[PDB]
Amino acid sequence: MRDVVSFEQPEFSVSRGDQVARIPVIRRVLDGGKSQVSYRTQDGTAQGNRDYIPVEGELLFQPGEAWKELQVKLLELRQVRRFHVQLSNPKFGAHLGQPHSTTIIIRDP
């Protein structure tokens, strides 16, 4: 498979006070053209509009682009809560690699 798009890791840890989670998405084995995938957040024990600001959209990789950083806003309130981000719907010849979903762990300062 070419143009393989994945999260870099199955888990990321962030502090609740950071204001944003910075989530890396990579594209590997470039064939030379554009790629697109969809992404979306999904609640776990962390909930949209309480713990973080939910977001969904498309990641359009132009030719040569090997990575993106998603920025999901975090909200302030030994607490630990989790939300998820999923990739779906590859287009323009793209494929999903592993891991295609990830978990963002929000911890206290």
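Residues numbered from 1 in each chain as written, not as in the entry; some residues may be left out. Heavy atoms only, no water. Residues with missing side-chain atoms left out of burial classes, pairs and counts.

Structure determination for this entry, per the PDB record, employed X-ray crystallography and reached 1.405 Å resolution.

Under the PDB entry, the name given to the chain is Integrin beta-4, and the organism recorded is Homo sapiens. In the PDB, the title recorded for this entry is "Crystal structure of the Calx-beta domain of integrin beta4, calcium soak".

### Some details on the packing of aromatic side chains
Under the counting rule described, the total for this entry stands at one aromatic pair. On the numbers, 4.0 Å between centres and 10° between planes, the contact of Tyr-52 with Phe-83 is stacked. The residues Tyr-52 and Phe-83 share a single accessibility class, namely buried. Seen from the ring of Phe-92, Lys-34 lies directly overhead, with NZ or CZ sitting 3.9 Å from the centre. The ring of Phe-61 carries the charged tip of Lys-68 above its face, separated from the ring centre by 4.8 Å. (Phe/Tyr/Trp six-rings, centres within 6.5 Å; stacked < 30°, edge-to-face > 60°. Buried < 20%, exposed > 50% of the residue type's maximum accessible area, 1.4 Å probe, protein only. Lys NZ or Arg CZ within 6 Å of the ring centre and 35° of its normal.)

### Observations regarding the pattern of salt bridges
With the rule as written, the count across this model stands at seven salt bridges. With its nearest N and O atoms 2.9 Å apart, the salt bridge here joins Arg-50 to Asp-51. According to the relative accessible area criterion, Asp-51 is buried, its value standing at 0%. Notably, a salt bridge pairs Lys-68 with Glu-65, separated by 2.8 Å at the nearest N-O pair. You can call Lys-68 buried: its relative accessible area is 17%. Since its relative accessible area comes to 25%, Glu-65 is described here as partly exposed. Each of the salt bridges in this network shares a partner with another, and the network as a whole consists of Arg-16, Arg-50, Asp-51 and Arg-81. (Salt bridge = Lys/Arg side-chain N within 4 Å of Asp/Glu carboxyl O.)

### A word on the environment of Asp-31
Relative to the helices and strands, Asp-31 is located in the loop between β3 (20-28) and β4 (35-43). The exposure class assigned to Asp-31 is exposed, which follows from its relative accessible area of 51%. Within the local environment of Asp-31, its side chain forms a polar contact with the side chain of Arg-2, the two groups lying 3.0 Å apart. (Helix = DSSP H or I, 4+ residues; strand = E, 2+ residues; numbered from the N terminus. Polar contact = N/O pair within 3.5 Å; in protein donor to acceptor, adjacent residues only side chain to side chain.)

### Details of the nonpolar core
Of all hydrophobic cores here, the largest spans 22 residues; its most connected members are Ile-23 and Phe-83. Those residues in contact with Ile-23 that lie beyond four places of it in its chain are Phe-7, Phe-12, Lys-68, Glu-69, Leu-70, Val-72, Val-85, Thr-102 and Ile-104. (Core = buried A, V, L, I, M, F, W, Y, C linked by side-chain atoms within 4.5 Å. Contact = heavy atoms within 4.5 Å.)

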